[PDB]
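> fold the following for me, if possible:
(chains A, B, C, D, E, F, G and H, ligands or ions: 18)
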Amino acid sequence: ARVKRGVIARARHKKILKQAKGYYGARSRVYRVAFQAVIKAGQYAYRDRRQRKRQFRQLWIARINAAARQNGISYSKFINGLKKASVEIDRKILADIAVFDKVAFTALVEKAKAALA
Amino acid sequence: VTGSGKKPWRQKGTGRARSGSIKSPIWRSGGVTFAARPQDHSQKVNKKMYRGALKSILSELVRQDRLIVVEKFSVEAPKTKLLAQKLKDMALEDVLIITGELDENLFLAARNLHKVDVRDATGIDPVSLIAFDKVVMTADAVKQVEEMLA
Amino acid sequence: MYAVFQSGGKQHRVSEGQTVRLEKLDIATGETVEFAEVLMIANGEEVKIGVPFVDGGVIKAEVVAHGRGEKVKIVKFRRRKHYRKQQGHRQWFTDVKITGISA
Amino acid sequence: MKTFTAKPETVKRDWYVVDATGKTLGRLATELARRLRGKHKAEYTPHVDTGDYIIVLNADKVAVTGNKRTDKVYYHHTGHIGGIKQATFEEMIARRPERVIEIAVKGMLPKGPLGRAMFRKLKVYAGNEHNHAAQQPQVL
Amino acid sequence: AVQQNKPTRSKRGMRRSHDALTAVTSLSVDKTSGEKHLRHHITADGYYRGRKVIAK
Amino acid sequence: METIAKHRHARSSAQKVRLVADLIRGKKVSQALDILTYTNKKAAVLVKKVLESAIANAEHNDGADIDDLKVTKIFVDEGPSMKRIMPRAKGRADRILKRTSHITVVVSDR
RNA sequence: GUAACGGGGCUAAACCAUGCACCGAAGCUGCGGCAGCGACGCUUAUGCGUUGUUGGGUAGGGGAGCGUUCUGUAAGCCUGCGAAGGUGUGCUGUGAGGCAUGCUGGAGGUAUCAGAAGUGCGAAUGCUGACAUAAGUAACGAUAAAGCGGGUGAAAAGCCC
RNA sequence: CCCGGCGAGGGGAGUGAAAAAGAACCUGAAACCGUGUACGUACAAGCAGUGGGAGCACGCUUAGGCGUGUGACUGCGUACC
Ligand SMILES: [Mg+2]
Ligand SMILES: [Mg+2]
Ligand SMILES: [Mg+2]
Ligand SMILES: [Mg+2]
Ligand SMILES: [Mg+2]
Ligand SMILES: [Mg+2]
Ligand SMILES: [Mg+2]
Ligand SMILES: [Mg+2]
Ligand SMILES: [Mg+2]
Ligand SMILES: [Mg+2]
Ligand SMILES: [Mg+2]
Ligand SMILES: [Mg+2]
Ligand SMILES: [Mg+2]
Ligand SMILES: [Mg+2]
Ligand SMILES: [Mg+2]
Ligand SMILES: [Mg+2]
Ligand SMILES: [Mg+2]
Ligand SMILES: [Mg+2]
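Numbering: from 1, shown residues only, chains lettered A, B, ... in the order given. Ligands and ions are numbered 1, 2, ... in the order given. Below is the structure in question.
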């Protein structure tokens, strides 16, 4: 016969109020933040992690297109050479070879340049 | 509640408002909403359902409760002290247990924080039979077929 | 020697590096069984013989170490329209470590 | 590990010297805008701080293709209302290549901050070789 | 002349900048090896050198 | 307590007194005056009193006669504010909170 | 105020035709995991591994649960070798939440399965209280203004002479 | 006992298991207001976060490429009811 809301009352606010970052002004100090902002965070987060898979790919190719072309054949022709193979197909990501194993990479551009029929 | 008045707050205007009466369920003043009430509570169980499945004790609680002896006839006029003497014929004491002798004699002597209860009589519900460790049926013969009432 | 392979994402850039991956199947606990990867090898790629393929002869694989296959990570991730809120949700994996011997 | 080469905070800067005395005018901007970012560059992951270092010379030798020598809106309105808008055709402005024309790259960059880091920071001039008020050292 | 949302924090905390107080710096004068107050000689007797206000 | 003194009530508002306090810190001590005695704002007359009381506690709670010290701390807090009413336009624009503070002066070692 | 390519800028960075290549979504695939149903493998109350498939969602329908105050089980169990409550942390669950523990704290709390609800707030120009904001801003109530010397006093423009 | 106006207020000493129980007195949360320290910050535009992310302050480990804080720069991107 006792709601005595006080009992979870606190725990709930405290829960979301637990936004370490503090963000700014009311965004931590006032409960107002939670479903307004802590909620946005959940939303902005929901999409960015999955939308990110590509944002890096866009970078991966951005550099491959910037590395492979300097030594003949553009990114457009590159993957096409690479495309022809029985086992020769190791995708990008590691494609950053242009930063650590340049010799490999340029030795990989021939795997495509000389590969393009 | 102490509604010693009808709405005196002037509706349209005065800035934020919208009040009215004061047994107003929102006004900290008083007024408790969907109030409450004395009610009955007491639900009633059919007659057959009442006698249905009770002393399942014997079989299940076999190695525990289903003892039948005597109502202790030699017990003094009103003496509970040396109850122990008889409380040891089975070694069932504070373990709880209730007797079902069926004689409002002097054996109603059991008075304690909560151990042995008498109620030795037709009047008895399973609730009690199941509240104790080993309900000493006892009584003898009283435990007949359809009238195993203790 | 370098390393290279896919299996649930091309995660095999680093050489030995001992980095997380996926999960066995029936159960994780550690120990091992000695599972060679496959000749996805960049020919290992590492020496005077960095090779376009990776294909530099038959059979070339590293044995899996099976360092630690556990843990999780927790990420809230909750959507909500203007009238609802699936806000309440959680899905993770353990990504077994694996140190991987030499190429 | 997490692949992405870091941002050594504009690690290296390769110096260069275009000519501009050429005939490509507007076409040149792209290979001038791509350069101060991460064109010839492979590694040094762009998007983040970065750049290069080249430089223009006379540049005064441009004609564009069509009658653009005579067009190009060009106005540098000011916070002055009172009806301003300073429109001057290209040839009218080509008389003194300032923050414009040669500076056709500004509108071609990421714009705002950081892109702003490259901006005029390539130098322009309009006379090629003589008294290069710019850094004489290493260039190509 | 009404206002509408106003940020107690940050803002105002900025106008306070032009609100901090200031420091004097003055001498003691030959006689008083301390006080002298500001551009005054000394209050102890209110004398710059003799019979001024009350002194010897 | 590392020789304090502080205050409570009296009435002089927070910010009002928080202003003069900034004037004194760091060196202080030997500045029982001058950097205070030569500034007239009510808040000043109040911080000095407690300033001396504090520097005085240097002969009772602890030794270290008045001459060294530092005054590494001075902060005023909001103290219970009195409420009152104000006849105005029929009674709408009236709240008046007197406000009050303290000072809490300190004097430790450098 | 360019304002009838989004901007740059374009003689092809336009269009028309032809063909290849590349970028590109939560679409499809790969890998792992969750749940419902049909099957498969078996095992076989049952259940688990494989697999096919289904899993946007307002009104609204159905189905599962967490948590709180109070009652039974409870002079049983936990506690001053520190309960409830407040605050941090770590582990844990799909989530509601759960636990363990630092510190505070100064006396109580309650596994379990069951029972009953003043049973869960962010809004109703909601009700009560506390504290902000504007802002150290406006204002200090008749424009019959006051100056000086003494006194007293911690201090006097305002009090006494 | 000491500062002070024989103020207020406080600081010691003593009472007490505790005064981090002092009469405003149990526990004392939140808003709101301060002092201190680490980092960011005075050529940069917008629901202030989220994704990426260098540097810096501490903490790492017989490196092993990490934890906590802060976050320049950058893709996105108009609160809830
Ligand atoms: Mg590109
Ligand atoms: Mg009436
Ligand atoms: Mg209003
Ligand atoms: Mg009432
Ligand atoms: Mg009946
Ligand atoms: Mg943009
Ligand atoms: Mg493709
Ligand atoms: Mg995709
Ligand atoms: Mg659904
Ligand atoms: Mg309770
Ligand atoms: Mg609502
Ligand atoms: Mg004033
Ligand atoms: Mg104003
Ligand atoms: Mg004014
Ligand atoms: Mg007046
Ligand atoms: Mg208290
Ligand atoms: Mg700066
Ligand atoms: Mg991130």
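> tell me how far the single nearest residue of chain C relative to RNA strand H lies from residue C:89.
With Cβ to the nearest atom of the strand as the measure, residue C:82 is the residue of chain C nearest to RNA strand H, at 4.4 Å. For every residue, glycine as well, the C-beta is placed using N, CA and C. Applying Cβ to Cβ, to the nearest Å, one obtains 19 Å for the distance of residue C:82 from residue C:89.
> neighbour count: these two, which is higher?
Set side by side, residue C:82 and residue C:89 show unequal neighbour counts under other Cβ atoms under 10 Å in any protein chain shown, the larger going to residue C:89 at 12 against 5.
> quick one: residues contacting that one.
Each residue near residue C:89 by Cβ atoms under 8 Å, 6 or more residues apart in numbering or on different chains is listed here: C:76-78.
> which parts of chain A sit against RNA strand H?
Chain A has residues A:10, A:20-24, A:26-27, A:29-30, A:35-37, A:39-41, A:44-45, A:48-49, A:51-52, A:55 near RNA strand H, with proximity defined as Cβ under 7 Å from any atom of the strand.
> confirm the residue of chain C closest to RNA strand H sits in a strand?
No. Counting by DSSP: H, G, I helix; E, B strand; the rest coil, residue C:82 falls outside a strand, being coil.
> what sits closest to residue F:102 if chain neighbours are left out?
Nearest in space to residue F:102, with sequence neighbours left out and distances taken as Cβ to Cβ, 6 or more residues apart in numbering or on different chains, is residue F:7 at 3.6 Å.
> whoops, I mixed them up, residue F:82
Take residue F:82 and drop its neighbours on the chain: the residue closest to it by Cβ to Cβ, 6+ apart is residue F:98, 3.9 Å away.
> tally of neighbours for residue B:29?
A total of 11 residues lie near residue B:29 under the criterion other Cβ under 10 Å.
> hmm, residue B:22 and it touching each other?
Yes. Counting by Cβ atoms under 8 Å, residue B:29 does reach residue B:22; the two are 5.8 Å apart.
> so which helix or strand takes in the residue nearest to residue F:102?
Using DSSP states H and E, residue F:7 is not contained in any helix or strand.
> buried ones in whichever strand or helix holds residue D:116, by neighbour count?
Assigned by DSSP H and E, residue D:116 belongs to helix D:115-118. When neighbours are counted by 16 or more other Cβ atoms under 10 Å in any protein chain shown, the buried residues of helix D:115-118 are found to be D:115, D:118.
> over to stretch C:8-22?
By neighbour count on 16+ other Cβ under 10 Å, the buried set for stretch C:8-22 is C:10-13, C:15-16, C:19, C:21.
> okay, it in CSV with CA atoms only?
Only the C-alpha atoms of stretch C:8-22 are listed here, as CSV (Å, rounded to 0.1, in the frame of the first residue of the first chain):
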residue,chain,number,x,y,z
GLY,C,8,34.8,-14.0,-40.7
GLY,C,9,36.4,-10.9,-42.1
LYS,C,10,39.9,-10.6,-43.6
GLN,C,11,41.4,-10.3,-40.1
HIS,C,12,45.0,-11.4,-40.6
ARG,C,13,46.9,-8.3,-41.5
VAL,C,14,49.4,-8.4,-38.6
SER,C,15,52.1,-11.1,-38.7
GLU,C,16,51.9,-13.4,-35.7
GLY,C,17,50.4,-10.5,-33.6
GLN,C,18,48.1,-12.7,-31.4
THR,C,19,44.8,-10.9,-32.2
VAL,C,20,41.2,-11.8,-31.6
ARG,C,21,39.1,-13.6,-34.3
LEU,C,22,36.0,-15.7,-34.2
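> quick one on the thing from earlier: what's the neighbour count on the residue nearest to residue F:102?
Using other Cβ under 10 Å, residue F:7 has 21 neighbouring residues.
> how about residue 80, what does it touch?
If you meant another chain, say so; for now it's chain A. Contacts of residue A:80 were listed using Cβ under 8 Å, 6+ apart, and they are A:112, A:116.
> meant chain F, my bad for not saying
Under the criterion of Cβ under 8 Å, 6+ apart, the contact partners of residue F:80 comprise F:9, F:100.
> against residue E:19, how distant is the residue of chain C closest to RNA strand H?
If you measure residue C:82 against residue E:19 using Cβ to Cβ, the figure is 45 Å.
> give me the neighbour count for whichever residue of chain A sits closest to chain F.
Going by Cβ to the nearest Cβ, chain F is nearest to residue A:29 of chain A, at 16.9 Å. The burial count assigned to residue A:29 is 13, neighbours taken as other Cβ under 10 Å.
> and it, backbone torsions?
Comment: the main-chain dihedrals of residue A:29 come out as phi -60, psi -40, following degrees, to the nearest 10.
> give me the element the residue of chain B found nearest chain F is part of.
Per Cβ to the nearest Cβ, the residue of chain B with the smallest distance to chain F is residue B:15, at 9.2 Å. Per DSSP H and E, residue B:15 falls between elements, in no helix or strand.
> I'd like to know how many residues surround it.
Applying other Cβ under 10 Å, we find 5 other residues in the vicinity of residue B:15.
> generate a PyMOL selection restricted to the buried subset of the contacts of residue C:89.
Restricted to buried positions by 16+ other Cβ under 10 Å, the PyMOL selection for the contacts of residue C:89 reads:
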select buried, chain C and resi 77+78
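> and residue F:4, how many neighbours?
Taking other Cβ under 10 Å as the criterion, the count of residues near residue F:4 is 16.
> quick check: closest non-adjacent residue to it.
Once flanking residues are discounted, residue F:4 sits nearest to residue F:106: 5.6 Å by Cβ to Cβ, 6+ apart.
> just how off-centre is stretch B:47-66 within its chain?
When C-alpha coordinates are averaged (Cα atoms, centre = their mean, to the nearest Å), stretch B:47-66 and its chain have centres 18 Å apart.
> kindly report the same for stretch D:10-23.
In terms of Cα atoms, centre = their mean, the gap separating the centre of stretch D:10-23 from the centre of its chain is 10 Å.
> surely residue A:113 and residue A:69 touch.
No. Under the criterion of Cβ under 8 Å, residue A:113 is not in contact with residue A:69, lying 10.8 Å apart.
> on that earlier part again, so which of the buried residues of stretch C:8-22 reach chain D?
For chain D, the contacts drawn from these by Cβ under 8 Å from any Cβ of the partner chain are C:13, C:19.
> determine which two of the buried residues of stretch C:8-22 are furthest apart.
Put simply, by Cβ to Cβ the two of those set farthest apart are C:10 and C:16, 16.7 Å from each other.
> OK, contacts around residue D:128?
Taking Cβ under 8 Å, 6+ apart as the criterion, residue D:128 is in contact with D:19-21, D:57-58.
> now, of these, which are buried?
The neighbour count (16+ other Cβ under 10 Å) marks D:20, D:57-58 as buried among the contacts of residue D:128.
> next, format the residues you listed as CSV and append secondary structure and distance to residue D:119.
Shown next, in CSV, are these (DSSP: H, G, I helix; E, B strand; the rest coil; distance: Cβ to Cβ, whole Å):
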residue, secondary structure, distance to residue D:119
D:20, coil, 17
D:57, coil, 18
D:58, coil, 20
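> any chance of CSV for those residues, columns distance to RNA strand G?
Listed next are the buried ones among the contacts of residue D:128 as CSV, based on distance: Cβ to the nearest atom of the strand, whole Å:
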residue, distance to RNA strand G
D:20, 13
D:57, 18
D:58, 17
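> contacts for stretch D:42-54, please.
By Cβ under 8 Å, 6+ apart, the list of residues contacting stretch D:42-54 from outside reads A:59, A:62-63, A:66-67, A:70, A:96, A:98-99, A:102, D:4-18, D:32, D:35-38, D:40-41, D:114, D:117-118, D:121-122.
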